[PDB]
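**Student:** Before I ask anything, here's the sequence and the deposited coordinates:
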Amino acid sequence: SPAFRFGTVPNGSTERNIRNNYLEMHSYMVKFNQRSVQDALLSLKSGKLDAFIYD
Amino acid sequence: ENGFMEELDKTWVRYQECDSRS
C-alpha cells in the first residue's frame, strides 16, 4: 500500500537486461531512474528513495 | 476474460491511501 521505490541508471546493460526479462519493472522504474551514480546516491542518501540498484 | 473489468475496477477503485490498521 505505501509506494515503494527503486531505480537504476539508464542506457545500462542492467536496464536493457531488465527490459528484456522483466518489463513491468522497467516501465515502473523509468520514473525512479537517476542522472548519475553520485546523484543516484543522492536519491538514496538524503531520503526520497528506499533502494538503489547498480553494478 | 480479457480483464476489462479488472482494469475498470482498478481505475474506479483508487486504493491510494489506507491499510490494515492494527
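**Tutor:** Cool, the structure landed. Residues are numbered from 1 along each chain as shown, chains lettered A, B, ... in the order given.
**Student:** List phi and psi for residue A:7.
**Tutor:** phi -150, psi 160 (degrees, to the nearest 10).
**Student:** Which residue comes closest to it once chain neighbours are left out?
**Tutor:** residue A:32 (3.0 Å; C-beta to C-beta, 6 or more residues apart in numbering or on different chains). From N, CA and C alone the C-beta is placed, and that goes for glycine too.
**Student:** the strands in chain A, which residues?
**Tutor:** A:6-7, A:51-52 (DSSP state E).
**Student:** Enumerate the residues of chain B near chain A.
**Tutor:** B:15, B:17-19 (C-beta under 8 Å from any C-beta of the partner chain).
**Student:** ok, now which ones touch the residue nearest the centre of chain A?
**Tutor:** Centroid check for chain A by C-alpha atoms, centre = their mean gives residue A:7 as the closest residue, at 1.1 Å. Listed by C-beta atoms under 8 Å, 6 or more residues apart in numbering or on different chains, the contact set of residue A:7 reads A:29, A:31-34, A:40, A:43, A:49, A:52-53.
**Student:** rerun at 6 Å
**Tutor:** Applying C-beta atoms under 6 Å, 6 or more residues apart in numbering or on different chains to residue A:7 gives the contacts A:29, A:32-34.
**Student:** and those residues, which two are the farthest apart?
**Tutor:** Maximum pairwise distance in these, criterion C-beta to C-beta, is 10.1 Å, between A:29 and A:34.
**Student:** hang on, the earlier thing: against residue A:39, how distant is the residue nearest to residue A:7?
**Tutor:** 12 Å (C-beta to C-beta, to the nearest Å).
**Student:** likewise residue A:13?
**Tutor:** Applying C-beta to C-beta to residue A:13 and residue A:39 gives a distance of 19 Å.
**Student:** try residue A:17
**Tutor:** 22 Å.
**Student:** Columns distance to residue B:7 on top of the strands of chain A, output as a markdown table?
**Tutor:** Output for the strands of chain A, formatted as a markdown table (distance: least, C-beta to C-beta, whole Å):
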| stretch | distance to residue B:7 |
| --- | --- |
| strand A:6-7 | 25 |
| strand A:51-52 | 28 |
